[PDB]
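Residue numbers (the deposited numbering), protein chains in the order written: chain C, 369 to 410; chain A, 369 to 410; chain B, 369 to 410.
The C-beta atom is built at its ideal place from N, Cα and C for all residues, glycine as well.
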Amino acid sequence: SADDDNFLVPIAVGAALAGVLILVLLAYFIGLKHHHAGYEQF
Amino acid sequence: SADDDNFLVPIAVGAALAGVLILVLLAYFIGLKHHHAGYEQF
Amino acid sequence: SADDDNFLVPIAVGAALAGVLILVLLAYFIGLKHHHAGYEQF
């Protein structure tokens, strides 16, 4: 039940994977704010 | 003949994917801090 | 209804998936925030 059969057009699965990665990047983007002084920028 | 190249194709794989999405949502949930519409930011 | 529609199907894809999972964990790590032993709270 949790795992959809995805019988019809199972490829869309790959497209969804890329979408998730984008969401993760945004999350990190927000956390980027206020850089730590511990890290030395080149 | 899908994923013929990949010998391994366990279903549990999809379960792990859902788990990742949950982790992301929680992350965003904390960032959301559930802002009240009653008060408008200055 | 398809048979090896995707010409390219490198395994490197799975490796990238694991990398994303690691990034998510780090995100949560920051959200968790380690409690400093310097301050004592009941």
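8 Å Cβ cut-off: residues of chain B touching residue i
| i | result |
| --- | --- |
| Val-377 (chain A) | The premise fails here: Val-377 (chain A) is roughly 11 Å from chain B at the closest Cβ pair, so nothing lies under 8 Å. |
Per-residue DSSP class, three states only, for residue i
| i | result |
| --- | --- |
| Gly-382 (chain B) | helix |
| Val-388 (chain B) | helix |
| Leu-376 (chain A) | coil |
| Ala-405 (chain A) | coil |
| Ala-370 (chain C) | coil |
| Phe-410 (chain A) | coil |
C-beta atoms of residue i and residue j nearer than 9 Å
| i | j | result |
| --- | --- | --- |
| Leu-376 (chain A) | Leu-385 (chain C) | no |
| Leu-393 (chain B) | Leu-391 (chain A) | yes |
| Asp-372 (chain C) | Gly-387 (chain A) | no |
| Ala-380 (chain B) | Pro-378 (chain C) | no |
| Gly-399 (chain A) | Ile-398 (chain C) | yes |
Any C-beta of chain B under 9 Å from that of residue i
| i | result |
| --- | --- |
| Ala-395 (chain A) | yes |
| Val-392 (chain C) | yes |
Below-9 Å beta-carbon distance, residue i vs any chain A residue
| i | result |
| --- | --- |
| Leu-400 (chain C) | no |
Residue i: contacting residues in chain C (beta-carbon distance under 9 Å)
| i | result |
| --- | --- |
| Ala-386 (chain A) | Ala-370, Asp-371 |
Chain-ordered neighbours of residue i on chain C, where CB pairs are closer than 7 Å
| i | result |
| --- | --- |
| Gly-382 (chain A) | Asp-371 |
Residue i Cβ short of 8 Å to the ligand ZN heavy atom set
| i | result |
| --- | --- |
| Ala-380 (chain C) | By its list of ligands, the structure shown contains no ligand whatsoever, and the ligand ZN lies outside what it can speak to. |
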